[PDB]
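Structural description and commentary
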Amino acid sequence: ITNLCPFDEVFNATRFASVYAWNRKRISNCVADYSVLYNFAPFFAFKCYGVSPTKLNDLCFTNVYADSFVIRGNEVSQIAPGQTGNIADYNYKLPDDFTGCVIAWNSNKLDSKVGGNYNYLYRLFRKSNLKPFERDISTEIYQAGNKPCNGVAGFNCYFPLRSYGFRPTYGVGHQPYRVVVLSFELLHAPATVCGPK
Amino acid sequence: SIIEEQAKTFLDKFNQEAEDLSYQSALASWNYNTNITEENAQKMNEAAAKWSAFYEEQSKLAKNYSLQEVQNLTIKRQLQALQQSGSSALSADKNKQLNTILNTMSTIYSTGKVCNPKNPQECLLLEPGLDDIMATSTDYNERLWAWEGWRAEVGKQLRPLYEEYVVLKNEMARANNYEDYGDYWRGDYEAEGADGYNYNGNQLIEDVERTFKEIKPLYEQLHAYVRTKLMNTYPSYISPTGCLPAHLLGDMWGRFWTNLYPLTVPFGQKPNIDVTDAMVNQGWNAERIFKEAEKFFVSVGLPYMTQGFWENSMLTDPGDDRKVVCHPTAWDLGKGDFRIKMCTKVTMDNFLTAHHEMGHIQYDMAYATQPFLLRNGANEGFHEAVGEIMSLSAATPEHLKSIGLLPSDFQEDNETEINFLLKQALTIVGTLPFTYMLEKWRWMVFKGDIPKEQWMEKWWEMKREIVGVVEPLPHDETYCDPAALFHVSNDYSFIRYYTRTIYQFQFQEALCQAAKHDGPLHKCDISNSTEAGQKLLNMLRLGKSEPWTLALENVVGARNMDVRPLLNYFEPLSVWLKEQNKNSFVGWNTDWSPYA
Ligand SMILES: *[C@@H]1O[C@H](CO)[C@@H](O)[C@H](O)[C@H]1NC(C)=O
Ligand SMILES: *[C@@H]1O[C@H](CO)[C@@H](O)[C@H](O)[C@H]1NC(C)=O
Ligand SMILES: *[C@@H]1O[C@H](CO)[C@@H](O)[C@H](O)[C@H]1NC(C)=O
Ligand SMILES: *[C@@H]1O[C@H](CO)[C@@H](O)[C@H](O)[C@H]1NC(C)=O
Ligand SMILES: *[C@@H]1O[C@H](CO)[C@@H](O)[C@H](O)[C@H]1NC(C)=O
Ligand SMILES: *[C@@H]1O[C@H](CO)[C@@H](O)[C@H](O)[C@H]1NC(C)=O
Ligand SMILES: [Zn+2]
């Protein structure tokens, strides 16, 4: 037991990323201690699929991907395989055959200020949906009519990205939430991520 | 279609952008109201200003999507509310003229003084100057001069302003494809949907008349009782077979007859039920009062109160170097923020007002998931009808006996019930013909059936027939009696007070049959009943997404308004009044006048 994985700089980070620019970290060649993970907040959401929630520290995988972002309260249900909405259609998509865990908790005391936090953005308009595990960071103007937009905002020409504006006196369903998605893959290669002996 | 998708995208952007501005305006208003200071006002105004501007742009930019090309009803309902423009349909000069007329009328009403004869050195104002005289005094001439001065000093200055007010508002109404301003007000009841769920503004007149023709006999009986009781205090000024003088109805305009209870009490040796002494003895505060209402609401199967409700609400007078507006109100600031402002004292009236306001809060929480522009009550009468039934249910001498404010061996006599019903009648039944007559007169004046040269004649010819009130002194065409009322001179609708009274009782009946209640209707408690709460929440969660006919059907079982529950509520009192009026005349004539 000498190569503990760096899960502490994925849950204790000082600044998370927006939904449309979600952050991906690849974890390989370490021993994974899936028990410090329980030491954090009451974990409003600790739901996961294809894997026993109590016997993770018994099986070996070739790679673990951690994706981090911040969403709203009444959108955590959209982080699940086979769902339709706004976050799950234009921002972040999960495959139907998903093997991994979804963790989500509350961050009102950290990501909410009097006056509004306008640093968190999400996409509102897109021409087509997203294939699973895909990113779009373009800022071209959405065209909704026959008239060509020609690089200027106006009638039937919308800027595709909008903000949240969190304030401390909001309700539970409009408060900030931090979400980490862990995806385990097992490919044809030597397995290099395993639990403690 | 193609226009429908563009409308959907436009509404998505509007909904995204409007929540923030509305929330900022609401928060500024709250901070001003709970903390009165000069610089807290300016910010408020600024916030409000921005909101207006935003709306004033979108209502134009939303007129470019033809409404007939949208087929799905929710999008059409959202877009129609946005497309409606009011005073913006006129030019700048006429809008400025209308605004300067309205401000002048409001200012004249607010600062008005009636100077007493007999050493006119101390003149009285309106609010704490004449309400006391007209609600407490028992002197004929003292009431007469106060009644006449308010019409001869404030009513005669509002005639020329009103005459051109009407002309401006009719043109503003015709600028929006209407016939008159009365149609503009009656169009709030428009409903569009499937077959049999439609409703225009012309059916409201017929429904109101149909309901009043049934309500009238009970009013006649109550009128006869009050007439035969007022002859012991004004012997020579009342005819046994005539109308009632206007300045002897316990109010400045006669809107409410509550202040006649000391003179018309059936049995004066039996006091009413008051639980203030028990509340003070046991030891109660505002928090206990507001928690005993949350228990009532969660008894029937409704959600608890939000945590932010207990932290962001002012339930007591601060009692420090901070000035607050002391008037109960329930605030829905948006984004899951619900608050209540109220100066709470340990009394029974505050105990009932808490239920009334938490009814509004629970109504707001039900449709918080609906989209913007569809996040209001079904019409302008549902919101108070929900609050009033809770107050009715939380005041019976069986709910108070459960919470421990009355002895466990308390038995109710039949003498107190008659007194309670008479007090309720004097404030419910006695205000319906007044509202009907006022709104009918205003509709006729707007539409043109009443020419300008015959305004007060129609007033004191309709009041002597519909209501039964006769003027003390002659009034020619120089006065404007209706303008001496707060709602008439401040651009406010008045029929919302007529429909609500009809609605509430219906609701109560539907919530007393589901609760398996056996007995008279005025002793119904819907606590510890889950099916009643579920049936009510079936209607609470819609909002404006569906026509109000479907919302009414979801809770009552009928698609329209009827008066049978109201008459069922007041049945023991009707029997008692009929028994008590054998040797008396039921009715009135329109030929007797105090001045002639
Ligand atoms: C984050 O840091 C805190 C205290 O330093 C503690 O909960 C733990 O070390 C970290 N939490 C996780 C989930 O790694
Ligand atoms: C009331 O407003 C003043 C600003 O005029 C502010 O300083 C004060 O803190 C406010 N009261 C409270 C309780 O915050
Ligand atoms: C949108 O409406 C304005 C009027 O406010 C009009 O001038 C403009 O041409 C319209 N745009 C269209 C029809 O594309
Ligand atoms: C109309 O629009 C609403 C959007 O709120 C949608 O749910 C519904 O399926 C659409 N069609 C009908 C027939 O209501
Ligand atoms: C309602 O149920 C509670 C719980 O048993 C009971 O104490 C109470 O007496 C019942 N009735 C009323 C009117 O609260
Ligand atoms: C009340 O009940 C008593 C008991 O019989 C009866 O004598 C009396 O007439 C009743 N009074 C009313 C007003 O019902
Ligand atoms: Zn109210």
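Cut-offs applied
- Residues numbered from 1 in each chain as written, not as in the entry; some residues may be left out.
- Chains lettered and ligands numbered in written order.
- Heavy atoms only, no water.
- 1 Å grid on protein atoms, 1.4 Å probe; cavity = no way out; pocket = protein on both sides within 12 Å on 5 of 7 lines; lining within 4 Å.
- Points joined across faces, edges and corners; volume = space filled by probe spheres on them.
- Helix = DSSP H or I, 4+ residues; strand = E, 2+ residues; numbered from the N terminus.
- Nonpolar A, V, L, I, M, F, W, Y, C, P; charged D, E, K, R; others polar.
- Domains from an automatic or database assignment.
- UniProt positions renumbered as here; feature names shortened; annotations may be inferred.
- Contact = heavy atoms within 4.5 Å.
- Polar contact = N/O pair within 3.5 Å; in protein donor to acceptor, adjacent residues only side chain to side chain.
- Pairing = 2+ DSSP bridges.
- Axes fitted to C-alpha atoms, helices over the stretch in contact; angles between N-to-C directions.
- Expected span 1.5 Å × (residues − 1).
- Buried < 20%, exposed > 50% of the residue type's maximum accessible area, 1.4 Å probe, protein only.
- Parallel < 35°, antiparallel > 145°, perpendicular 65-115°, else oblique.
- Disulfide = S-S within 2.5 Å.
- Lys, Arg positive; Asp, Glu negative; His and termini not counted.
- Salt bridge = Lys/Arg side-chain N within 4 Å of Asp/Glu carboxyl O.

Residues and elements named next belong to chain B. The full count for this structure, using the stated rule, is seven cavities of 30 Å³ or more. By volume, the largest cavity amounts to about 230 Å³. Taken together, 20 residues form the lining of the largest cavity, with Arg151, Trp253, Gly254, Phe434 and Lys463 sitting closest to its centre. Among the elements of the structure, α6 (140–153), α18 (432–447) and α19 (456–467) are those that each provide at least two residues to the lining of the largest cavity. Sort the elements by how many residues they give to the lining of the largest cavity and α19 lands first, with four residues. Across the lining of the largest cavity, the residue classes break down as 15 nonpolar, two polar and three charged. By volume, the second largest cavity is sized at about 70 Å³. If you go around the second largest cavity, the residues you meet are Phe296, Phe297, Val300, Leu302, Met390, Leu511, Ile526, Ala532, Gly533 and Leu536. Of all elements in the fold, only α12 (286–299) and α21 (530–540) reach the threshold of two or more residues within the lining of the second largest cavity. Among the elements that take part in the lining of the second largest cavity, α21 stands out by supplying three residues, more than any other. Lining the lining of the second largest cavity are residues from two domains, each supplying at least three of them: domain 2 (214–270 + 413–596) and domain 3 (274–390).

Let us look at the UniProt feature "binding site: Zn(2+)" (unreviewed entry) in chain B. Residue and element names in this part refer to chain B. Summarizing the sequence annotation, UniProt attributes the feature "binding site: Zn(2+)" (unreviewed entry) to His356, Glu357, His360 and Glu384 in the numbering used throughout. What stands out for the annotated residues spanning 29 residues is how close their C-alpha atoms remain, the widest pair being 9.4 Å apart. Tracing the backbone through its elements, the reader meets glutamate 357 in helix α14 (residues 348–366). Contact partners of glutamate 357, with chain neighbours within four places excluded, come to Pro328, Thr329, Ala330 and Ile340. Along the polypeptide, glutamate 384 turns up in helix α15 (residues 382–393). At a separation of 3.1 Å, a polar atom in the side chain of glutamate 384 contacts the side chain of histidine 360.

This next bit is on the sheet that holds strand β1 (residues 23–27) of chain A. Residue and element names in this part refer to chain A. Taken in spatial order, the five strands of this open sheet run β1-β4-β10-β5-β3, and their pairing is antiparallel. Edge positions in the sheet fall to β1 and β3 (45–49), since each of these pairs with one other strand and no more. For this sheet, the mean inter-axis angle between neighbouring strands, taken without regard to orientation, is 15°. Bridge count for strand β5 (residues 100–106) against strand β10 (residues 176–185) is seven bridges, and the pairing is antiparallel. By the bridge assignment for β10, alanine 104 is matched with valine 179.

Here the focus is α6 of chain B. Residue and element names in this part refer to chain B. Its 14 residues give α6 an end-to-end C-alpha distance of 20 Å, which sits within 8% of 20 Å, the value for a rise of 1.5 Å per residue. Within α6, ten of the 14 residues are buried, which leaves the element mostly enclosed by the surrounding structure. For α6, the full list of buried residues reads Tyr140, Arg143, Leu144, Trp145, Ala146, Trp147, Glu148, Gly149, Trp150 and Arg151. Those residues of α6 that are buried lie in contact with α4 (92–110), β1 (114–115), α5 (127–136) and α19.

On to the packing of helix α9 (residues 203–230) of chain B against helix α17 (residues 414–428) of chain B, then. Residue and element names in this part refer to chain B. α17 packs onto α9 with a crossing angle of 105° between their chain directions and a minimal axis gap of 12 Å. With respect to α17, the axis of α9 lies roughly perpendicular. For the pair α9 and α17, contact is made by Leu222, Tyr225 and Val226 and by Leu422, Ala425 and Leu426, respectively. For the contact of α9 with α17, the residue count by class is six nonpolar, no polar and no charged.

Residues and elements named next belong to chain A. Tallying each qualifying case throughout the model produces seven disulfides over all chains. Each sulfur in the disulfide pair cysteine 48 and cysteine 101 lies 2.1 Å from the other. Pair noted here: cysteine 48 is in strand β3 and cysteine 101 is in strand β5, with a separation of 53 residues, a long-range link. Take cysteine 101: its relative accessible area is 2%, and that puts it in the buried class. Listing the disulfide partners of chain B by sequence rank of the bonded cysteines yields 1-2, 3-4, 5-6.

What follows concerns the side chain of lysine 335 of chain B. Along the chain, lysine 335 of chain B falls in the loop between β4 (329–334) and β5 (337–341). Although buried, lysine 335 of chain B forms no salt bridge, and the nearest oppositely charged side chain, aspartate 20 of chain B, lies 5.3 Å from it. Of the polar contacts made by the side chain of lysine 335 of chain B, one reaches the side chain of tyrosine 170 of chain A; its length is 3.3 Å. When neighbours within four sequence positions are excluded, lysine 335 of chain B is seen to be in contact with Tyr164, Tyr170, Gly171 and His174 of chain A together with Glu19 and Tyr23 of chain B.

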